[PDB]
Amino acid sequence: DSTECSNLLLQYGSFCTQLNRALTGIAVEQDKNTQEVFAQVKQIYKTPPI
Amino acid sequence: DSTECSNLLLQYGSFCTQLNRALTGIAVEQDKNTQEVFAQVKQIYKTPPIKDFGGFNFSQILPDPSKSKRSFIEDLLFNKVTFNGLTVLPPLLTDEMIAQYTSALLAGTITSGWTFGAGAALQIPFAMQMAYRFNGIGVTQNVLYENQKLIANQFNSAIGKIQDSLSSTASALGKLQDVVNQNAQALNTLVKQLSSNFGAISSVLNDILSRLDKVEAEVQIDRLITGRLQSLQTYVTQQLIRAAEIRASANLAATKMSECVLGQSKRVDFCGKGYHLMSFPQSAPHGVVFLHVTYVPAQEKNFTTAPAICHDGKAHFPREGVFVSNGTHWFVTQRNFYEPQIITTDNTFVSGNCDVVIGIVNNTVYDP
Amino acid sequence: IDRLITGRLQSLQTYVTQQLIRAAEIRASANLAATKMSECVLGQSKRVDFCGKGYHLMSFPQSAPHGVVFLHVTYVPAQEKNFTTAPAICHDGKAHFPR
Amino acid sequence: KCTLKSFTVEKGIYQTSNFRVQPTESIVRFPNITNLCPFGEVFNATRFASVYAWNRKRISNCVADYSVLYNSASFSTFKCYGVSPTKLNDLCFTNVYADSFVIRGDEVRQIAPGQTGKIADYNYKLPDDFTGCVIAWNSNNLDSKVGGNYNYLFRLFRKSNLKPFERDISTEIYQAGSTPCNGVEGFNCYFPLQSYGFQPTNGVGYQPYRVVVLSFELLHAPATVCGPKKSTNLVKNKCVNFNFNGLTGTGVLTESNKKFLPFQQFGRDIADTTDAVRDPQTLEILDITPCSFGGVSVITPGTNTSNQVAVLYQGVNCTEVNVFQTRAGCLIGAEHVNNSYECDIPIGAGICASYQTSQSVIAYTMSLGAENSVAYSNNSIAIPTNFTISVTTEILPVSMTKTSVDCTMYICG
Amino acid sequence: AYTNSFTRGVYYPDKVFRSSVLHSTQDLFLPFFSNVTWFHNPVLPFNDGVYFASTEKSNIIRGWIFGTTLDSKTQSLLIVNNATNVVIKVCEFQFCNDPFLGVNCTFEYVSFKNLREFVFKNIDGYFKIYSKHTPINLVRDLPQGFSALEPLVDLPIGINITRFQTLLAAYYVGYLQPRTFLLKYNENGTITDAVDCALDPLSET
Ligand SMILES: *[C@@H]1O[C@H](CO)[C@@H](O[C@@H]2O[C@H](CO)[C@@H](O)[C@H](O)[C@H]2NC(C)=O)[C@H](O)[C@H]1NC(C)=O
Ligand SMILES: *[C@@H]1O[C@H](CO)[C@@H](O)[C@H](O)[C@H]1NC(C)=O
Ligand SMILES: *[C@@H]1O[C@H](CO)[C@@H](O)[C@H](O)[C@H]1NC(C)=O
Ligand SMILES: *[C@@H]1O[C@H](CO)[C@@H](O)[C@H](O)[C@H]1NC(C)=O
Ligand SMILES: *[C@@H]1O[C@H](CO)[C@@H](O)[C@H](O)[C@H]1NC(C)=O
Ligand SMILES: *[C@@H]1O[C@H](CO)[C@@H](O)[C@H](O)[C@H]1NC(C)=O
Ligand SMILES: *[C@@H]1O[C@H](CO)[C@@H](O)[C@H](O)[C@H]1NC(C)=O
Ligand SMILES: *[C@@H]1O[C@H](CO)[C@@H](O)[C@H](O)[C@H]1NC(C)=O
Ligand SMILES: *[C@@H]1O[C@H](CO)[C@@H](O)[C@H](O)[C@H]1NC(C)=O
Ligand SMILES: *[C@@H]1O[C@H](CO)[C@@H](O)[C@H](O)[C@H]1NC(C)=O
Ligand SMILES: *[C@@H]1O[C@H](CO)[C@@H](O)[C@H](O)[C@H]1NC(C)=O
Ligand SMILES: *[C@@H]1O[C@H](CO)[C@@H](O)[C@H](O)[C@H]1NC(C)=O
């Protein structure tokens, strides 16, 4: 949160935005990986009381 | 094409040679990925001049000769998916060659079943091929021949719903569109990075060479070289990571070609939901589409059941199928379709006496 | 010296990044070879074209430098003849199907 | 062989180089040469100043063609200081100044950096660091007269010497003694101005000259005086180097259907690339296209077989470069064969190449396999009467060579 | 008195044609839905730059003065419509303490029914002017809608400006601020719409 540094970092162009976009793709994939394994069942089946 | 810059770039050595070698490996792999999905047919099989397929209608997945020579559904698929030293190289197989491969795979499947994958294509009538696929899911083949018009109508109707979906929406094609979008965004980012200073006096290389004398210009140009070389190393690394994912997807598609199209898979959910009958390949931009045909059971009834039955002190078990009761009588049925039969000495086998089995029930076994 | 350090460190980071990407391709190939050992050597696979072309009978592993070779033994049908065929036959007003 | 760093080459297609169409010539275009600085009214006008009271012109907001001075034989002397005169056609300045006077031919030598003597001391002083120009011509034909010209004066006397450009025009009495002046001469009291009295009979150092002195400054405020822009003819449909308004580049220039608004000068692509321009002289919109470029690939059978090769100029049209055009590029040294085979060496877009029979590299459309109409009917089956046991080989990679690096010994050692 | 700016005060930021594209740019812009000071002639701040507009059918407003003192001690810009033609000068003017037109100089230049709108900014020694003119459905307040101001002149003056005043009846003054805008260029290369990227979270999106 230095403004003096931040205005120099703007001169490097897209690098900062494409690092955030890469890590966001990792994060959205982790929820997809979890759906593909567990969310296969259509209905929440229950065992009988006996 | 600045010669003052080009002679400074010599100081970095192998870097541009090994970036070009890395992208050339990605480019050669895309032809290999394609060849392994589509070139699974030894011969360009073709369908007969008359369509005597037992009431099944493939006209919307077969080639249209009035048109490339794509199917009607392959035309819907091809409609719905949509120089700073940069070049695009053509694929080795043209879209017309990919469509001849899907045509041959489809024609081999319809005219000879699973046999063209194992050796020579052996012809079989299509209703007799479908009867073998019913035996493959554990349904007796008389269930096909006694329902052949219903089964053919349910297939022809379900193929019509694919056309209606692909005419009206692109929601499932987002997988192929995302591959087009990601490669376009990555090249636009690489080109936009030529507008950046990286700390230099200007992002324009001729401008530096006009504002400054030789030794001062050389220090400013090395910042553009450093930032542009890093900008390109970032692109090539991301294309290497992205190609490894497309190769995993192409290996999966090549396995679905062999196991779902050239065969009948026993593997649960591998060829869609329900019990796999057969599937058909259709070509798409940068991809394949499989139309997976499956048997889904539809209208269940409850029955009382037993593991075995007692007769003359002998315990009888069903040879295939399961024992069921309608509340008064006892029958044996096949497991996947209700077709009750009288319990007989040739529907069943004996093993030991009535004392051991938990939940055995008393009945006649008829001896023919 | 900082110019040499910077360029040599970038040279070595490029090598290690490409060895990580290349090792992931070799792992996928070793996982495939370990699956072919179980399903083609320790069993008989019904999966089409998993253990060579034709109907799989058995396969034999042979070692090679940095790899494995599978000798896949398959049944290929060889000399077909044409016949007339029927789905069922009529007898005493009833349909018979092949068992 | 040099691309692969080897004396032996295996069968394949290898990229060895990049092709790039070179610029045929250079174009330069700037707006029509206009708003020239008013130097004709400084140098070529009728009247001229006395050296005690020089006329200064301020030159601004204009283009200054110094070549009209330095190439002209119209002058008895021309000089520039700190800057070469031919470079003044390139340089641009916030302000420029021209100082003008009539002076005797000897006292012209006092018109130099940091000078001394009656003109430098009491009429016109230049600093020791003076960067600028001096232009002088004999004016005995204009400024001398029979019986002596009374129009032209210098200051002989003053209380103290002038500072650089100190434009004192006073007639005040110089005094150096106790008797008061009261506005007139007397004991140690002197009237400051004297006539040169120029006569046409005079020797060269006593003849009149007209002189102009030019001074330049570039400041934080933008350059209002600038070098006159040269320009070429405009060349279309060919690869050229170019410069429009100072926007430099290289490419092929073509007539276009783009509809720029009247103030717009350049056109840009989605990714900031310039893809059109307006010609600043005749206001056409020109599409800019890159000069043709692509990889150069050498197609070879192995050197164990032969030394023959074919060459592919990737994505290039053969017009830019047997010779054969393909969608993969211009293909040179391969015989086009229109009977198809399995792909030996892949070229792209359905084309492959092989070395075949009298022996040459050949290029062909690849064959996908033999055709077969399967003998289907709703009534017939084929059944195998025999088998072959087949043994097939599959090869799989399992491991790499295990490597370690001491990063401190690689980098330093 | 104060009024809403709506989506007014966008101008073409550079001399570049772009077509059927969305271009993102940072510059001194009048922020969307900001308020503007409304007048029916004080000395005013200039700040980073000014948006000015009036509703007109009668030529009441003739010109402007710009500088630090706007008076005698140092050079100041003067801009005046001399009936047939515009006249611009940058003299050290010894003119009135409360100037109007009744019912040395280092540079010089010579060129209700409607809303007439102008933008003034003085970046790195150049005085920029942009403008537009339109018919209007309302006389007393700024018209809701979109049109972009086109550059008139780009003057190499190099004078320090911190204040301005108008020479003479409704007119409005707004101040530019450093902002990022996303500008929509149509097939003719005209700016037809914009997003002020700091207005609200949907505009950031
Ligand atoms: C269980 O199935 C049997 C048929 O196999 C049913 O028995 C028949 O019922 C009809 C009248 O509904 C009689 O005319 C037949 O003579 C019966 N056949 C035999 C073999 O007995 C029986 O009704 C069914 N039970 C229930 C509860 O539905
Ligand atoms: C096959 O399906 C198409 C599409 O519904 C239809 O046009 C055609 O007439 C059908 N042909 C037969 C023989 O049913
Ligand atoms: C089977 O019986 C139970 C109890 O009557 C009922 O809840 C269930 O819905 C029945 N299922 C079918 C297929 O009829
Ligand atoms: C089911 O449970 C009952 C008791 O509720 C028992 O009598 C019967 O033998 C059991 N049958 C089986 C198959 O377990
Ligand atoms: C089945 O039959 C035997 C012999 O009659 C009898 O002993 C037994 O109790 C019967 N079991 C049931 C469950 O009715
Ligand atoms: C089978 O029948 C077809 C059609 O008559 C014929 O082309 C083919 O040669 C026959 N023989 C075999 C062995 O398939
Ligand atoms: C420049 O001069 C040429 C002379 O032929 C004339 O045709 C053209 O209109 C002029 N353009 C401008 C912008 O003054
Ligand atoms: C090659 O260039 C010529 C001349 O411009 C043109 O007629 C031809 O169509 C071009 N062919 C290809 C494949 O680019
Ligand atoms: C190519 O095709 C033409 C007919 O279009 C034929 O006459 C010619 O001999 C063929 N050339 C080669 C070298 O195959
Ligand atoms: C089957 O094929 C073998 C060669 O593979 C041949 O020797 C043998 O005679 C054939 N048998 C029949 C019955 O055709
Ligand atoms: C206009 O903005 C100023 C400064 O933010 C504020 O003092 C004033 O109350 C506002 N007026 C209206 C009507 O919004
Ligand atoms: C674009 O320009 C053409 C004339 O060149 C004009 O007809 C059209 O209305 C303009 N606007 C659009 C949106 O095409």
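We number chain E the same way Swiss-Prot does; the residues here are 27-66, 81-143, 165-172, 186-242, 263-299, in that order.
Just so it is clear, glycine is given a Cβ too, placed from its N, Cα and C backbone atoms.
The annotation N-linked glycosylation site is assigned in Swiss-Prot to E:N61 (among others). Using a 10 Å Cβ-Cβ cutoff, E:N61 (N-linked glycosylation site) registers 13 neighbours.
Of all Cβ atoms in the shown protein chains, 12 besides its own fall within 10 Å of the Cβ of E:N122 (N-linked glycosylation site). According to Swiss-Prot, the N-linked glycosylation site annotation covers E:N122 (among others), on the basis of experimental evidence.
For E:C131-E:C166, the entry in Swiss-Prot reads disulfide bond, with the evidence type experimental evidence. Packing around E:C131 (disulfide bond) is summarised by its Cβ count: 16 other Cβ atoms lie within 10 angstroms of its Cβ, all protein chains included.
According to its DSSP assignment, E:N165 (N-linked glycosylation site) is coil. Per Swiss-Prot, the feature N-linked glycosylation site maps to E:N165 (among others); the stated evidence is experimental evidence.
For E:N234 (among others), the entry in Swiss-Prot reads N-linked glycosylation site. The secondary structure of E:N234 (N-linked glycosylation site), as reduced to three states from DSSP, is coil rather than helix or strand. Sequence-distant neighbours of E:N234 (N-linked glycosylation site): residues of the same chain at least 6 apart with a C-beta under 8 Å from its C-beta are E:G107, E:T108.
Its own atom aside, the Cβ of E:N282 (N-linked glycosylation site) has 12 Cβ atoms within 10 angstroms in the protein chains shown. In the three-state DSSP scheme, E:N282 (N-linked glycosylation site) is classed as coil. Look at Swiss-Prot and you will find E:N282 (among others) tagged as N-linked glycosylation site, backed by experimental evidence.
In the three-state DSSP scheme, E:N61 (N-linked glycosylation site) is classed as strand.
A Cα-Cα distance of 32 Å separates E:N122 (N-linked glycosylation site) from E:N61 (N-linked glycosylation site). Within 10 Å of the Cα of E:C131 (disulfide bond), the following glycosylation sites from the list E:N61, E:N165, E:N282 place their own Cα: E:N165. In the three-state DSSP reading, E:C131 (disulfide bond) counts as coil. Here E:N282 (N-linked glycosylation site) is compared against the recorded positions E:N61, E:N165, E:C166, and the shortest C-alpha distance is to E:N61. Non-local contacts of E:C166 (disulfide bond) by the CB criterion (under 8 A, 6+ apart in sequence, same chain) comprise E:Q115, E:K129, E:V130, E:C131, E:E132.
The two recorded residues, E:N165 (N-linked glycosylation site) and E:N61 (N-linked glycosylation site), show a Cα separation of 39 Å.
DSSP gives E:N122 (N-linked glycosylation site) a strand state. With a CB cut-off of under 6 A applied against ligand 11, the glycosylation sites E:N61, E:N165, E:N234, E:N282 are reduced to E:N61. Within the set of glycosylation sites E:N61, E:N122, E:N282, E:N282 have a CB atom less than 6 Å from some atom of ligand 12. For E:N165 (N-linked glycosylation site), the count of additional Cβ atoms within 10 Å of its Cβ stands at 7 [all protein chains shown].
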